[PDB]
Each structure stands twice: as structure tokens, then as C-alpha cells.
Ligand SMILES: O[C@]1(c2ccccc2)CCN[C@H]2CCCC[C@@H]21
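Only one chain comes next, encoded as C-alpha cells, the form solved without the ligand.
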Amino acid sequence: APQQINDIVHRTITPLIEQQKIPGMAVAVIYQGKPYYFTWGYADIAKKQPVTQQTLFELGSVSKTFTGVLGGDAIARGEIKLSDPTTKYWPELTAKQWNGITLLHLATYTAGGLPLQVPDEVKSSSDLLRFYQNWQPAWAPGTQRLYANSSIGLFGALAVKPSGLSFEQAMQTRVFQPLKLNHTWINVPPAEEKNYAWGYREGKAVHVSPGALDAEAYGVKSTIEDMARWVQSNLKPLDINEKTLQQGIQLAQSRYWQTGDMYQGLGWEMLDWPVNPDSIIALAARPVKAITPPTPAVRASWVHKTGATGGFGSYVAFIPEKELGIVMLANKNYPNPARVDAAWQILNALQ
């Protein structure tokens, strides 16, 4: 592998692992559209199983980039429109605060303060309807962004209704299979458990807990090889042969709202490149400016998403104009700034 890539990667990641005490880690750099893989440490400390290019990590909220692309493919299919009212696809949501909240607001966390988490007591379709009917918005729709699994989670579940398919089945057949992500899962099958890393939280081995709208907001598990293929797909959507999927990827990198230097896509978040690295909190409410109409995917962007579960920390970033990207998967949820700093330190060296 080119020594320049070898070197910047190891010189950046080795100290990161040491400083953050990460038990195991996998990295992919995509350089001029080819992937280069790196692994360190342990998928399972007790059983002494190393991280390999086959090891499954919990992506946590990097899963939202798969939800946003599946929603983009459903739009491209003419199954849904982002301008549609939520109640078009859930006419049981009759409470009047729902008037004016569209699928775009759900997808981009702008519905008016839906909360970060669906409560752990919500366990049935019935409980779910009750939660959403009782929610009282803090703000009118389309005025402030508040990152929320209950917002993009509900977008994912509604976006697949016209198809007739479960969310998992729609993701499997419309995204994972076409892109050859054959070791990417919403539910890890028994056959694949030997490759499923443990996460580590305060030194204990943990896996993500089941919860309502989990698949949609934070429940995908993948390998470093499939995540490198996901980054290639998102850097070069025109190479993708399925027309609605190619389109869906483009829709998910469109710029819908701006807060500060950041633009909100569907799952993906974007800044203009070159991106000041210092530009790149339990609840952060920010007023947003609508981009009217959304800007189609900008090639000169830093496009990224960070993800966590209790035991895992993931990061993906890529720059379309430079055909360059990175994926970092770890089995400890370590601070986001350390992820961004390491990524920028690698990509800026190679760019």
C-alpha cells in the first residue's frame, strides 16, 4: 500500500488508540477511488479475537446515511415526496400540531423539536402513535434543527410504506444488495456472530439494545470493507447502475438547510471544502435557514456523519471533488472531536 498512506494513517491512528484507549479499530481510506484497509487491536478482548476486515461494528447514527439514501430512492421511485405532509403516510396522526410537518421536516430534524430519543417504554405500533400524537412542538416547523432519532426514525418508517416492504426488507433489496454490501445488517444473523465485535463501555462488553425505530436511526452493523464500498458509492453515484438508487444518493447530499457553516442533507451533513477544521452537547437547538430550493449535491464538500452506540464510535467523511474518503470504526464511543481531528489530519495530507 503506498507508503504515504501507510504513514499518515498509522502516525495518526496509533496515537489516537493510545490516547482514547480504544480496544479495536478498523480504518479504510479511499484514495483516487481505491480502498486501503487498516486494523488494530481487538473485536473481543476476552476471547482474544482481533479486528479484521471482516469484523462487524455497530455504526450507530452513521445508519442515518443509509436511511436518507433509502428515502432518496423512494422519492426517485415516485413513491413519496419530501414535500408530502406526514399525515399522508400516517393518517392516524390526527393531532393538530402535525399540520404543516412534512417528510422533509422529519428527515432533517426541523419538525419543531421532536426529541432525541424515542422513550424506552414505547414498544408497539400503538405506543408509537401515542408518543407522536402527544408530542408538543416547541417551535413551528422549519425554523430550528434539533438532532433527533425520533425525527429521522419516523421518516424512515414512513418512507417505505408505499413500497409494502418492511424497512429492513426495503433497505436489503434496494440499497445493500445493489451495492454489494453483503456483510451489512440491520440484524446480525447467527452465521455472522463470529465476526460481530463487542462494544466496550466503562470496560464492559455491550451490544446495542433493541428500541423503537432503531433500524431506522442507529441499528446498522457493517464491516470496514462494506463501509469503504458505501463511501465509494456516495463519492461516485453515477457509477451506480440502478437509476433510482443513483438518484437517491444524490438527493441525500442535497443541501436543505444551513446552520452556521453546516448544511443538512438526508442523513449526511456537509460543509463547503476547503473546510476550516475547527468549524467541522446532549441537546443543541439551532435556528436554520431554508435553502430554497435545495442545492443539488456539491462536489467541493466535506460530507460526513458521526455515529455512536453505547459501545461503539464510528465516523465517515469524504470529499467528492477529490475522490477521497475515510471510514473509522471503533468499539468504544470516544469523543467526536478526536474522530474529526484524525480524519482531517489524514485527508488533508492526502488531498
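Heads up, when I say rigid core I mean the largest set of C-alphas that superpose within 1.5 Å between the two forms. Residue numbers here begin at 1 and follow the sequence given.
Stretch 119 to 127 is the one, of 248 to 256 and 119 to 127, whose CA positions lie farther from the shown form in 9 other deposited structures of this protein once all structures are superposed by the rigid core. When the other structures are laid on the shown form by the rigid core, the stretch among 302 to 310 and 283 to 291 with the greater C-alpha deviation in 9 other deposited structures of this protein turns out to be 283 to 291. In this entry, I280 is separated from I281 by 4 to 9 residues of the deposited sequence that have no coordinates. Between the stretches 152 to 160 and 254 to 262, it is 254 to 262 that shows the larger average CA temperature factor. Look at the mean CA B-factor for 218 to 226 and for 126 to 134 in the entry; the higher one is 126 to 134. Out of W40, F318, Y31, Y37, it is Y31 whose C-alpha atom has the highest B-factor in the PDB entry.
Within the group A170, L181, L235, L116, the record's highest C-alpha temperature factor is found at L235. Placement of the Cα temperature factor of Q54 within the chain: lowest third of the modelled residues, per the deposited record. Remark: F176 belongs to the middle third of its chain, ranked by C-alpha B-factor as recorded. Among all modelled residues in its chain, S63 ranks in the lowest third by Cα B-factor. Residue-level temperature factors show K243 in the highest third of its chain, judged at the C-alpha atom. In the deposited entry, the Cα temperature factor of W273 sits in the top third of values across the chain's modelled residues.
Same protein, other form: the form solved in complex with the ligand, not shown, and the subject of what follows.
Scanning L70, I30, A317, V27 against the ligand in the deposited complex with a 4.5 Å heavy atom cut-off leaves one residue, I30. Within 4.5 Å of some heavy atom of the ligand in the deposited complex lies at least one heavy atom of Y37. The ligand in the deposited complex is approached by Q232, whose closest heavy atom lies within 4.5 angstroms of it. In the deposited complex, at least one heavy atom of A228 sits within 4.5 Å of a heavy atom of the ligand.
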